[PDB]
Amino acid sequence: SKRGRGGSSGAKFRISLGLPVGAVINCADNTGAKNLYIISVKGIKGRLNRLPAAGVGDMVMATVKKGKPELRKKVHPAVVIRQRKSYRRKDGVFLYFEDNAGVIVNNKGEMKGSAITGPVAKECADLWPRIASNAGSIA
Amino acid sequence: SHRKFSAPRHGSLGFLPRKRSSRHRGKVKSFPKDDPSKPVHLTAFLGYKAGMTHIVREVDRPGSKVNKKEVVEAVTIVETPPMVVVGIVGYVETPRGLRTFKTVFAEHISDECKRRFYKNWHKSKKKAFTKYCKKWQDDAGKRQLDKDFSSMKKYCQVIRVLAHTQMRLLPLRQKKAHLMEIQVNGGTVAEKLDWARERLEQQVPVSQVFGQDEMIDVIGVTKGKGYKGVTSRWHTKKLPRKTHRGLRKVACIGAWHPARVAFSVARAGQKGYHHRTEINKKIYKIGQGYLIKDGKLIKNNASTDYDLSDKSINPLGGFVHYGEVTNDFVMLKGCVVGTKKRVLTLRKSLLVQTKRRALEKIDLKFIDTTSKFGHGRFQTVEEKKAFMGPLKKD
RNA sequence: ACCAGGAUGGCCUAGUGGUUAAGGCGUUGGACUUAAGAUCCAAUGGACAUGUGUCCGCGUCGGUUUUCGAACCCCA
RNA sequence: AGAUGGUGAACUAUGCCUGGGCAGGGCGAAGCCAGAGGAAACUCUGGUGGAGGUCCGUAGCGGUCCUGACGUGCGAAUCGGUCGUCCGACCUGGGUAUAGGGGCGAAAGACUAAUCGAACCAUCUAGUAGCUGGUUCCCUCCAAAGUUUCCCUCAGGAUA
RNA sequence: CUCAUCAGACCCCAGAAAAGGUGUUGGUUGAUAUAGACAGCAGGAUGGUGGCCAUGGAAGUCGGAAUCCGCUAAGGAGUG
RNA sequence: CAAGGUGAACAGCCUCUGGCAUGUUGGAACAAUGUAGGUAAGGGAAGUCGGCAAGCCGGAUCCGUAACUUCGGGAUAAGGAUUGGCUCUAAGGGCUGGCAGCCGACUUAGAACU
RNA sequence: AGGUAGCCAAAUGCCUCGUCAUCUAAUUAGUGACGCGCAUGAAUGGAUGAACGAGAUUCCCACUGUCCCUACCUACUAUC
RNA sequence: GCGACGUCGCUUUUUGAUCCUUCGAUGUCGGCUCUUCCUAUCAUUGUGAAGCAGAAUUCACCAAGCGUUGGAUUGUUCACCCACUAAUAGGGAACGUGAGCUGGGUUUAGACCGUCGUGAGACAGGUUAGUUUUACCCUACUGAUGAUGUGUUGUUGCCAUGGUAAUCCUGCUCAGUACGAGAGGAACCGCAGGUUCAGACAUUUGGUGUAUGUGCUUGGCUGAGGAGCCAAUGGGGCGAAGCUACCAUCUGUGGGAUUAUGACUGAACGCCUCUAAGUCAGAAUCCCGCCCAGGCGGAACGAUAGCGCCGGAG
RNA sequence: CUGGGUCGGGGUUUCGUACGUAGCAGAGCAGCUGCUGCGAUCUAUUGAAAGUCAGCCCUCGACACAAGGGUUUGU
Ligand SMILES: [Mg+2]
Ligand SMILES: [Mg+2]
Ligand SMILES: [Mg+2]
Ligand SMILES: [Mg+2]
Ligand SMILES: [Mg+2]
Ligand SMILES: [Mg+2]
Ligand SMILES: [Mg+2]
Ligand SMILES: [Mg+2]
Ligand SMILES: [Mg+2]
Ligand SMILES: [Mg+2]
Ligand SMILES: [Mg+2]
Ligand SMILES: [Mg+2]
Ligand SMILES: [Mg+2]
Ligand SMILES: [Mg+2]
Ligand SMILES: [Mg+2]
Ligand SMILES: [Mg+2]
Ligand SMILES: [Mg+2]
Ligand SMILES: [Mg+2]
Ligand SMILES: [Mg+2]
Ligand SMILES: [Mg+2]
Ligand SMILES: [Mg+2]
Ligand SMILES: [Mg+2]
Ligand SMILES: [Mg+2]
Ligand SMILES: [Mg+2]
Ligand SMILES: [Mg+2]
Ligand SMILES: [Mg+2]
Ligand SMILES: [Mg+2]
Ligand SMILES: [Mg+2]
Ligand SMILES: [Mg+2]
Ligand SMILES: [Mg+2]
Ligand SMILES: [Mg+2]
Ligand SMILES: [Mg+2]
Ligand SMILES: [Mg+2]
Ligand SMILES: [Mg+2]
Ligand SMILES: [Mg+2]
Ligand SMILES: [Mg+2]
Ligand SMILES: [Mg+2]
Ligand SMILES: [Mg+2]
Ligand SMILES: [Mg+2]
Ligand SMILES: [Mg+2]
Ligand SMILES: [Mg+2]
Ligand SMILES: [Mg+2]
Ligand SMILES: [Mg+2]
Ligand SMILES: [Mg+2]
Ligand SMILES: [Mg+2]
Ligand SMILES: [Mg+2]
Ligand SMILES: [Mg+2]
Ligand SMILES: [Mg+2]
Ligand SMILES: [Mg+2]
């Protein structure tokens, strides 16, 4: 999934995946991009006919369908920070957002933008500490 | 020609005779291996699936991100009244297998266990063991029984004990008891036989057989779901919407040459009512029954050290489709097989447990006792009446 | 692949029955003009794609090579 | 397949004669009225008006897609939804006209009584077939050829 | 004669080659042998010479041309 | 030949007149697989040859309407707002003897409350 | 007569998934060009072009069980 | 690690060659689905060898246990590209699989263009529209009654046989350590999770919903109120139970003989030698366990109605 | 002297405050000399009403029922 040099001791629990390939999510940062079109998700080996799918915190490959013209017609890594599919935390508590949202990152994990609009899930925030630094509200 | 994209097969072939279970009570297919150095104990027990609830507990798992954090875990309640021991059966080893050598039944057998020996208790004159019971009141009869025990200690290698459930303490409509062989593990055959001879006609609680935070095995029969197709039975892909003669099928059931149908292809048939042995179910609680002390009815089964309430394990309106749990019960982690009111076999583990999830110590904080017959939102009726106040019903 | 052809001055084409190497353009030399084109007077050149056979004698006829172009390669 | 003589336009194709029928809405052609403007020519505005092989759409007429239902059917072509058109090269009854190498065709070799790249009926006719299929009791005795030559000969004959 | 952790087992005939084996069995040819061998265990490895020629220097000890003597049981102007 | 309601309507839905007995059988259960309908979290064509099928849209009032054009259209282009129930108000007529009296049909607009 | 005006990898171009641009993350598709056009071309009509089309394609917005990934309900069957 | 000039083979996942079977018919391309098999092994387990320092990559052995994906274009097989990944290996099963589907392409009849033909027409040249029938028989398969025998019946059982299952990856730690001039850069043991798969389950979340439960509402109808009904479930909001989703949750496991390989003692062959006699370690393999079924296969026990034991001839 | 079944009662739960009655609450309108009416809606009764096992739980309330019938089986 992440496969990153900067990692916490404890690994992530399985959450519900609500963002398959083809999902257009909000781009919740000031890069100028308004849309992230998911073309695949990191870490998935998959199965026959199964779409790769993403939850919060999982890194995806995404194009920009609407935004500045120097951001489009190319692929960027991105990390989903919000999702409409309700996922169960280990406290048994179910959380969802009203919007699916992500932010454009690089291979190491640094966002291209420098501020995040909207909340960021805890599952994304602890897994990506450079995202949680620019998050305003968390989970 | 080969299939292009590889795809794993649907379903296990290791549960292949996907037929309706020839037993209703789950059979221990293999008991734990006996160690003569261990104290003499029972290895299995027989309970009844009451229902499910969920718990809150803090987790001590260093290295996890849920260390010192409280989880809600699904748990299943198994109402386990004490078993009454009525028989002793011995088994000799043989190059053809394990032969039943001798069976000795107790002097007094209850009517619940007697009902197992009949297909129709009502039209019977209820005569089982009415000539066998004369052995225990005859001096030559005891002089044959003790030589049968001498023959078992001399020749038997395995000793099992016949015990039956106490149906009168259960809210089930059934009053015919379940008999079961339970293999007595422990020391020598002589002392293992003396143990069962003393516990003959006596009752065994679930406390003596099982303990808190131990992984056991749950043996049972799956919920019956009747004749089902391949899409629900073996979970194959549905055919597209344009399919002529039906889309909930399997499109190819074999090539031309093996010129038969293989046993490995998914076919429609019985789904559910399958005998299963799930392993490593953690006992999250062994709760005691409904006690009558000082005239008070003590029923604070679900009152934890973090609750200080007086509530029982029974939720509001009781368990859906079961009844009440007024006997001692086993709270197991997660889901066990079967319907509500289904008999479940609890077996001691066949494995050695050196893992942290197996040796984890469990302290329950909260037991959910909201009604499952809807979206019940109160743990106790005193809480419900305190929140609402007086109604019109006074 | 099969059939039918075609290879000649520097380029483009003639050329038999068997004896004659042809024409246009080009090249070259001299005139005209101040000079150059145009015009006038002239000159040279051909591996006749190769070897073989027929014949006195072949570019020419007849079989085999080596490069090329044209048509066909259909029913399942 | 071929020929001779007949029977069919109760289905359908087309002409003619005589009858019958086609809710409710949309757009709004020309003509017309008034107001305003202009030197005139005329031009803006607001109504009216009710045209059109005009649009949505009912009956009717048709039959696009689901390649849906059915597919030993309800039915030797039907059923459901969705659809094309629905004042005009419209739909339809009855009468009438054209007949088989002929008719009729807004033309698909379509239609011409479940039959059409030549209908149906009877006869010539037991048409011919080097080509498939079949060819009926027993015993006894003898016992092959697939080669030569010729042939519009090569799945057949004649000849040895 | 042959052991196969791929044995083999009868014309047609129903499955195998080049190449290879200190598997094992035979045979052929030539030496190196009781004028005492072959392993194995030790001991000597000599002076002319630390060689002209090259190469800074190479002295048997990078290279090419020199490859003789004697005391000898022996030692190549030296296999590493 | 062709009643009432709703409604633009001979639409559809319900009802009166008149008609009938569910379309060549009844009973019991509610398995698969069908045929005909529905709903589906998150995603929104990634399915598939192909948005096939299904779904979105829909009536009316008030706005608003592009390129193009044969100047007729395109055009219900596209895109918006409103819509219930109740209680009012205003305006739109006729007959008799710039006025009075007597009546009466449906609309349309505005407003308040809910 | 040697194909003019035009048009083009067209429903007409083998080579061919032609080359460039544009559309996409990625396009043997689409559009716009280019023209050497196997084998375009002028009433065997060429080029255009509003309106119209149950005609053939491409992209976008919206919408959805088409799919991820299936599940449940109802009617008539099947069943007895 | 290769390997010219030459030479020996294998295989039938290529095209040919041939015409033996089928022309009183064996449904002709692809894709979807689903099962199984092969190994010429891409990955993962165990290994040996490198011009293997580490990392990465090659070559080879036992090895087919388990995997080998999501898409744009094309009807495509093939191809090519984007992206993920441990890897995105190759194949067979009448070039598996049409009474399984689909019908995009071939390959009927309609029609257009180019080329060819005087013409009718032709084109492994393009283009568009074009009916996919039947199982209730036998077997096989999946489930479901039972059948012979133990006298009859019932309880508890055993297991002969048959099936069989788990998989792989990431993060923390080791460790910026070993290794390396540096650049770079591991691994064993542990710990937490995840993928694919399997078996369940519904406490919770989500879905369904004709408890036709309870409100709301349109049109109509019962004179009105109340109560209802009809509109092939009138529509809609919420909805108990029950079913149900990696769309919620739970569980997934031990040995033995060994392969490749590395070795020990040790001759052959007075040395040496992992082998000849003998012996050891040895793995996603194999076999068993676990798990699923339970034999025209046994066992123990219960109770046995005119029947069971004990002491005449036929 | 016990059992299940049916009804009733509780519990749970589902929706969301039933009919009737009252109100100087109600945009307003009408008729009378403050009253009487119409009036969608609102407020209180009233977390009311209604449903709730048919496959939810508990009653010890009421009622009847339950000691039956057929067919075979012998070592
Ligand atoms: Mg797929
Ligand atoms: Mg494969
Ligand atoms: Mg179909
Ligand atoms: Mg519940
Ligand atoms: Mg003739
Ligand atoms: Mg007529
Ligand atoms: Mg019209
Ligand atoms: Mg119209
Ligand atoms: Mg059809
Ligand atoms: Mg059918
Ligand atoms: Mg019928
Ligand atoms: Mg006509
Ligand atoms: Mg024709
Ligand atoms: Mg013949
Ligand atoms: Mg013949
Ligand atoms: Mg009916
Ligand atoms: Mg009837
Ligand atoms: Mg959805
Ligand atoms: Mg939604
Ligand atoms: Mg697609
Ligand atoms: Mg696809
Ligand atoms: Mg459609
Ligand atoms: Mg338009
Ligand atoms: Mg030209
Ligand atoms: Mg496309
Ligand atoms: Mg173009
Ligand atoms: Mg032409
Ligand atoms: Mg032409
Ligand atoms: Mg045949
Ligand atoms: Mg056939
Ligand atoms: Mg067949
Ligand atoms: Mg191999
Ligand atoms: Mg095939
Ligand atoms: Mg078949
Ligand atoms: Mg078929
Ligand atoms: Mg087609
Ligand atoms: Mg055709
Ligand atoms: Mg049947
Ligand atoms: Mg076995
Ligand atoms: Mg160092
Ligand atoms: Mg639920
Ligand atoms: Mg729900
Ligand atoms: Mg539910
Ligand atoms: Mg709902
Ligand atoms: Mg009412
Ligand atoms: Mg009706
Ligand atoms: Mg071992
Ligand atoms: Mg060895
Ligand atoms: Mg060993």
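Readers should treat all values here as calculations from the given coordinates under stated rules, not as data from a laboratory. Counting neighbours? That spans all protein chains shown, and the Cβs are built from the backbone with ideal geometry, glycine included.
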Mean other chain Cβ within 10 Å across B:65-76 is 3
Could you check which residue among B:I298, B:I216, B:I182 shows the biggest mean-square fluctuation in a GNM of chain B with a 10 Å Cα cutoff? B:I298
Rounded to whole angstrom, the alpha-carbon centroid of region B:203-278 lies from that of region B:9-52 at a distance of 18
Students often forget the sequence filter, so: which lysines lie under 20 Å Cα-Cα from B:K293 once same-chain residues fewer than 8 apart are removed? B:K311
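Where does the charge balance sit around A:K66 when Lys and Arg score +1, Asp and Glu -1, over other residues with C-beta under 10 Å from its C-beta?
That works out to +4.
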Among B:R276, A:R47, which comes first, second and so on when ranked by fewest other beta-carbon atoms within 10 Å? A:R47, B:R276
For region B:282-354 and region B:163-188, what is the separation of their C-alpha centers, rounded to whole Å? 17
Could you bin all the Cα-Cα distances of chain B into 10 Å bins starting at 0 and give me the percent of pairs in each, rounded to whole numbers? 4, 17, 24, 23, 17, 10, 3, 1, 0
Please give the calculated 222 nm ellipticity per residue for chain B, where each DSSP H segment of at least 4 residues contributes -39500 (n - 2.57) and the sum is spread over every residue; nearest 500 deg cm²/dmol? -3500 deg cm²/dmol
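Normalised by the number of residues in region B:1-124, what is the relative contact order in percent for Cα pairs under 8 Å and 6+ residues apart?
Relative contact order for region B:1-124 comes out at 14 percent.
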Taking +1 at the Cβ of each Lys and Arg and -1 at the Cβ of each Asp and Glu, which of B:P315, B:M331, B:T345 sits farthest along the dipole of region B:294-378 towards its positive end, judged by Cα position relative to the Cα centre? B:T345
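What per residue convex hull volume, in Å³, comes out for region B:270-326 when only alpha-carbon positions are used?
Roughly 152 Å³ of hull volume per residue.
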Rough spin-label spacing in nm, given labels placed 7 Å along Cα→Cβ, for B:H235 and B:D363: 3.8
From the P(r) of region B:229-289, could you give the percentage of C-alpha pairs in the tail past 12 Å? 77
Compute the Cα gyration tensor for chain A, then decide on rounded, prolate or oblate, letting a ≥ b ≥ c be the square roots of its eigenvalues: rounded whenever a/c is under 1.5, prolate when a/b is larger than b/c in the other cases, and oblate in all that remain. rounded
Nitroxide proxy distance, nm - points 7 Å out along Cα→Cβ at B:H54 and A:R50: 2.4
So for region B:84-148, using the alpha carbon gyration tensor with a ≥ b ≥ c as root eigenvalues (a/c under 1.5 gives rounded; past that, a/b versus b/c decides prolate or oblate), I'd call it oblate
Once a ≥ b ≥ c are taken as the square roots of the eigenvalues of the Cα gyration tensor of region B:234-358, is the result rounded (a/c under 1.5), prolate (a/b larger than b/c) or oblate (a/b not larger than b/c)? prolate
Reported to two decimal places, what Rg/Rh ratio describes the protein assembly as shown when computed on Cα atoms with Rh from the Kirkwood expression? 1.06
